[PDB]
Structures are given as C-alpha cells and as structure tokens.
Amino acid sequence: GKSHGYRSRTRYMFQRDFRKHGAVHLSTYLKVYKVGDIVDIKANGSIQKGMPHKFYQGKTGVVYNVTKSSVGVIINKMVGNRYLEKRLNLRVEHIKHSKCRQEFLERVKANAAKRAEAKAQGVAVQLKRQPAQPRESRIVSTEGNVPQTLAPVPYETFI
Amino acid sequence: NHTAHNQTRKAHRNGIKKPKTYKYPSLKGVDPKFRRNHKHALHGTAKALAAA
Amino acid sequence: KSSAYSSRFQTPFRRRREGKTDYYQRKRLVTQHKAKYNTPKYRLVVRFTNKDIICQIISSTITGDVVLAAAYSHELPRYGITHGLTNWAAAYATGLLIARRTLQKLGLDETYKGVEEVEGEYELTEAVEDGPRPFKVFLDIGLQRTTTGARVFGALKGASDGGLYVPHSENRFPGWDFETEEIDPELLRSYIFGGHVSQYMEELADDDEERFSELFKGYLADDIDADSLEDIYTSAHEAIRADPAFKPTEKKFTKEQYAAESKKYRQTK
Amino acid sequence: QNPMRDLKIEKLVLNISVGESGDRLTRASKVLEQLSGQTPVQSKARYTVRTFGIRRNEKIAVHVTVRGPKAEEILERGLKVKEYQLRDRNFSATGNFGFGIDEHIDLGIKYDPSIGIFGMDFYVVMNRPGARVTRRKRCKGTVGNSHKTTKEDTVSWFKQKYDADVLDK
RNA sequence: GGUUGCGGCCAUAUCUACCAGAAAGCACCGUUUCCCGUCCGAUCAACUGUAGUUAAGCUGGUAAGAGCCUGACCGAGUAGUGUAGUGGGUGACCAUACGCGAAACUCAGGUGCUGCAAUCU
RNA sequence: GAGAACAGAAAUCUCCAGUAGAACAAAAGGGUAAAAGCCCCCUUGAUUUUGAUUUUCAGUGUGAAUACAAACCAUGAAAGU
RNA sequence: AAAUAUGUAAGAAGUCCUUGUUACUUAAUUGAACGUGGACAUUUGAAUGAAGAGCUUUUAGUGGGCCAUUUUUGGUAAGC
C-alpha cells in the first residue's frame, strides 16, 4: 500500500543543483554558530548524516545547542490546533544563517547612530519606517517629447 | 474516507496559538559538559554576589 | 567535444585542477568543534620542492588561510648549513627553527625548551603543570606519500624537539623495525645529523671518485669532510636556539622597480 | 636540433599469452628471468569465454616491463629476428610500436627441447623527457602538442637508427 | 607587476588551436649507498643542485571558435495565473474588469577577482 | 579509437580521449571521482551504561535513525572518523 | 522558471561599554554561557485591528454525511 517513509517524496528536494554537485565547500565548516542565532534549513544529499526531515526543509529556526559538527535548533511545528517545539540536531552542512535578522541589526546600528546625532543636534528624527507613500505633485515638460498619439491597431493583414 | 473538510475550520475556532516562549529555557537537551560547568559558574557567582 | 558536454561539465575546484590541494584532507584538518567557536586550528604545512623546503604555521578563515610563522630552508646559511638543503637534517633544523620562532613570538620559548641533548627517541612535549599548555599544531603533509624514512617527518621530529606539541607516533621515522615494532635511536640520531650522507661520502671515496667529485663538489670546494657534518648541524641547532627570529633580506629595490622591470615583458592587452 | 626533445625509450613490455594456466605457464615465465633478468608478472583474466576456454581470475598469461639500457639491447637483438624490416601498420598514432615473434630462441638465449616453442610480443613506448607531468601526483598536467610523439616522428627516428628500411605500407 | 607555499569564491577561472617568457622561483632533469616501495629507482622513497635545459609543464598573450557569466524600450506586458460577474458560447473554449507577471530566444558587453607570508631586477 | 605472432566482432599487453555515460548485495529514487567506487594493510564502534531528539503519532507503543556525555577499543603520521 | 499558497524577523527577555563566576574551552589573563555596574530609556524603532490577555479543571453530543464552483484521477458515461 502507500508508503510514509523518512525520505519519501524527496526526489527533487535532496538533490543537488546543476553544476553544484560534489564536495561541500569549506566556508560552511568555518562559519560559527552561537546559541540564539537564527538559521534557515536547507539540506544536501551529499551528506546523509544529520539530515533533517522533509518538513523542516526551508523552515527557519533558532539554535539552542552547539556540539561537535552539529547544532540543535528549535522549530515550531503545526499539528492539529497548536504549535509544538521540535528540537532537532543537524550537521552544519544543512544549515545557513538568516540575513533577515542581520538587516534588522544594522538598521538598529544606524538608528542608534542618528539618534545620538540628532540628540546632540537638538533636532527630532523619525526612525519608524514608512511604506511607499503616494506620489506628489510635479510638472511634466513638453519640449523634446510631444505626446505621440496612438490608436488601436487593426486585425486584417496581421492574422 | 480521509476528507479534510471542516478540520481547519475546527482548528481555527480556538485559534492556533504559539507555545509561550519563556526566559531561561530548559537545559536538558544541551551538552552535559556545558551544563555541568554552568551549574558551578552560577553557584560561584552566587557565593560572590552574596559576599558583595 | 560537443556543446552539451561543455555545458553539463562541472569543473572541480581551482586547487584541484592545479593538483595542489586535497579537500578530503582539508575538511578534516581545518574544521573544528563548534563548541570551540573562534578557536583557530593551527596546521604545520611542510612542503618540499626540488631545491627548497617550506615550513609554515597556518590558521584558517573564510578570507583565505592566514600565516602565523614561516621558515624556509634557503636561510639556514645564517646558522651554518649551506649544502644539502633538501635533506633529512635540513628538515629537522627547519622544524626546530619554525618552532623556536613561533614560541618566542608567543612567549613560551623559555617555558618549553623541548629537548637540547638529542639522541633520537619518541618523546612528546609534555605539558608543564600550573602553567601554559604547549602550542598544539597538526601536521598536514599535502599530497606527499607517507613512508617510513621520509623527509617530512624530519620536520615533525624537529618541531617536537623544538618545543611545540605535534602529536605523532614513531612508526614512520627511520630506524623502525617492522617485525618487532621497535625503534633504533642510534640510527635516528645518525639521520638527524648527516650520517646517511657521511657514509656515502666515505663509501664513494673508495668506490667511485669521479662521481664523488661530481656530486659532493661544493663540500670539497669549501674544504669539508664526512666527519664535520655532525659538527655543523649541532653547531647550527644551538644557533637556531639563540637567534631563531626572522631578520628579512635587505631588498635591492622597493617593489616598484621590480614591477617596472616586469611590466614591459608581460605582453599586456 | 634541441635536447629534451629526443624520443628516448621509456620502457619495453614483453607479453606472452599462454592461454592456459599450468606448467606451460611456468615454462613461459621461466625464459623471462633469464632474458630480462627481472621476475615476470602474471596477468589474471578479465571475463569468461569458452571459445578459448578460460574463466575469470585465472593467471593465463604473463608480461614484464623492462627499462634502461637492457631494453635497447633486447630490442636490437629482437629486431634482427625481423631482419629490421618493420611495417608502418605496426606503428601507432601515439608514436609507439611493437611486433610479435613466433620463435623465442632467435634472440641469443640457450635452447632446450623440453621448455617448448612459444612466441612473444614486444612493444616499446618512447617519449621525450618531460612526461613525468602526466604520471606524478602533485600538479599533474598534459604535455604540449609541440612535444608529443607522433608516428611521423618515431618512424623518422627508426629510419635514422638501426638502418631500418621500413615498409611504408 | 612576476614567482612560490597555503587558500576563499569555484568555468568571467573550462575546452580547442598558435606565440612569448628578462630576473629569481617552480619544474624538467642527474645518482641508487642507506630508509623505502616497485615486474621495473617509471610513480613513490632517499642523495646531490652536481652535469644540462626552458623543449614541455606553469604563467601571460591571440581567435568569425564552442562553453560560461552579466544586462536589456529584445521576446513581452506575450504565455501562464489569483479574484469577480443572473458575462458570451451547444460545448471545446473565449472575452472583459481589478492584479501578479515568465522563459527559451534575439541583442550588446565580458573571459578570473582576491586574502596571508616569503621572495625577485 | 590507434597498435602488438598465433588472436578472430571477443583471450592478454601499451598509448590517447573519457563529468561518470560504471560500480556501490537486492526494488526505484537520491548521492558519490586523489570517492561512498577498484586493490591492499590493520581490525571488531555489529561493544558497555542509561538518557535526550526526529519520523509514523494520541505527540502512546513498536521499528528505524540523529546528535552529544561517561568508559573501553580499533585505525591512522596525525587531524579525525 | 511563475501566479496563488508557505517559513522567519521587524527590539526592553533590546543595543553599547566596563569587569566578575566556572570543575567547560583556549598557546594563553582565549572564548562560551550567566551576571554585576553604567549609557540609550522622547517615535520602544512598518501598516490595520484588538469586541480584553494568559491559564486550568471537568463533561455532553459527534465519530452514516451530502451539494456547488475550480483543479483532478479511474470509468464509455452518469443524479458513477
């Protein structure tokens, strides 16, 4: 009958990209992982030790433990009507950091700086981001671009 | 037979709530070598902040 | 070949096309326990050209590897050795030199003297108590094939004698008996100095004298016999222990004229 | 012309396909430690065929690779069995060749009637100084096409040497 | 700028064909007594840089080249697609409204960048 | 592909090309080239104590796996596994 | 290589500085984790809304389902 294995329905998930086959490059064995760091899970089928399950591919989680050649991550899984903390240990080859938080961190490093600037400057500066507000007035010249009149084109002789 | 109709409406009546993260999580799943030393570190910090 | 072949062709890495680096080895030598977070892992690169030796102490980062110390064999004339530089004794001396240099760069040359009376045993740098532990480096012998008697372990022995901790075993030094698993320190001490060259010097001085004059030419030009090697190398060890520092070469030019001369030759676009 | 371009002999391999393992195979191997001087090396089989009557991992045949001056001497005394009359077909496009003799005793070796009568297969390979770069471990690399051996180089070398009188057919 | 050792990204770095390489370096090359491993000192091991060479490797150059990378008033606001309608159509299927929006292709340009240490007329 | 007596479309030997078109006990899929394949050397981590975790899932069992710890061992020059 | 759908983050349990603990870790007075003591504490660092947030016990009925749009699988096809 039907099968529900640990690696079922994984033909395309755990295969390597085009012309990225073979050994894992070294920059990932030299990256450093501390507790609290935020990591996105992407596995590779070159390394069957420490693999995650196909649910946790593409998810994002928080480190909670650091061991030789492997780190533990916490992930919130939906089952039924609640979320569950899933603690899973992975080798590093299936792990890359998350730049999502790093962008926020440098935004903080900037807002602190310009707050420090504006305080001594005696001015107030808005640090809350804003969406794409509507556009504003403007005046469009007609010097080199006269309005080029168009028309709907016909069908005959196009076919 | 294995019709998922109404199951998500059932899930979404009492919401789907997050697991209430706390400060100081549990130290059961961590490296015991780390844990053993953490105990001693904190005990010494206590015996130092008690003296000062 | 066709076009599909060239499209679907994945290249290997650059230092695998060039045939210079084993990544199956590098992955193991370099990667560290994640619990030792930024702790570097120092390798002792030993490489042998046809007429040089390169000893390097190397750590690793993402922006390429990083060097802590270096010791080439084309500087030993500072200490006395002039001939036989791609040699077992030369390797020993070079290892001792990188050792004694690194350890004074750190601060441990007075705490870990290593050995000074040399008789050729298997002896590891034992860590002093209530004090700093030895500097720990790991040997990475490139693509050099390991064989008992090889040069590359000369530097290993020299380093472990020079003061720093290279974990190793004695089953690849010369003078190791396969049948009984036993080492011959007399033979190893004979190899540390020029014993295996001196016996050939003496055996060709009664067997093939034209070939003696051909090979060992500089020795005779500098008035050297087969007995003075055991004096030269021992006089050089003490000198290395004395001044292992790197006084660089006085440059003729300043890296601008050196480029001005080459810029006219390289057939620029 | 230049040095480091001469088509020196790299090695000479002698092959003897005995076909079947036994005292015949040992007769075959016995000649080689007296001809070349080195012990031979027996060659296991690779597949299973009954037209010739063998199976896998049988030591059916033997060979030996000789280098150095002795190779050129053996070649000199083996060429006189062919009377120094080689074809151009035996020559290969890589710049090497060989020939198969029927009688082994025509080289200079002592005869016995019990050993048997079996032939031999000579094959030389000759390459300029600088082909270590295909064989070493560190920094392997291919030689340049201006440095490769060709049929037209080696037949010229062979016409020059030995007073060949090749049969360009 | 050149070269070597270790490297990072791993084809802009690969493949094919021709040319040049001053200095040093690397390399090729020379020798089997010892350690050592070979059917063979060919590879590996050891000794000498001594006898010779840049011929090759290596690097840099060139090409209607293949390949790879990059970007487009290119294809194309096309194909496909989410939402709506007591919209059309016998149906296949289609049109419209609010929105998202490709690709192969075509065109143009490019053909390794760089880190640590040492060293070079 | 080019070559070597018997030698043949096919016995053994040699050179060039060869991104894997081979092999990895067995289904298919994934993966793998100084290897995870082919040969050789040494061995028994196919061991002890008990726990945490992932998968099927009620977050129960069974089964199989993952990552550490405390011991003892192997292997290797060592890193390490 | 889309569209739709999907994971995470968008700060006080935060940012910076200083120096304390440890039997872990380091060549090490190196780091790891936890801290003390100071600085920012206004827009507490996107929008919209919040009709209160969190937690716990216990227990009923149910565990025969059907129709439609759209996608789709066997089936000639069905109110299959």
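Numbers in chain C track Swiss-Prot; the residues on display, in order, are 8-276.
Including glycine, each Cβ sits where the backbone N, Cα and C put it.
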Just to confirm what the record says: which one of C:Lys48, C:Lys164, C:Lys262 has ubiquitin cross-link annotated in Swiss-Prot?
C:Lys164
Which one of C:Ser67, C:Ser205, C:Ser235, C:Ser269 shows up in Swiss-Prot with the note phosphoserine?
C:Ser235
In Swiss-Prot, the phosphoserine annotation, restricted to C:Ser13, C:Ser176, C:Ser197, C:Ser242, falls on C:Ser176
Looking at C:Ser66, C:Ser80, C:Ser167, which one is marked phosphoserine in Swiss-Prot?
C:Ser167
Around the Cβ of C:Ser235 (phosphoserine), the count of other Cβ atoms that are within 10 Å:
15
Give me the CA-CA distance between C:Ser167 (phosphoserine) and C:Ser235 (phosphoserine), in Å, as a whole number.
25
In whole Å, note down how far the CA of C:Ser176 (phosphoserine) lies from the CA of C:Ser235 (phosphoserine).
31
If you count other CB atoms within 10 A of each CB, which of C:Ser167, C:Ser176 wins among these modified residues?
C:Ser167
Quick one: Cα separation, C:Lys164 (ubiquitin cross-link) versus C:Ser176 (phosphoserine), in Å?
10
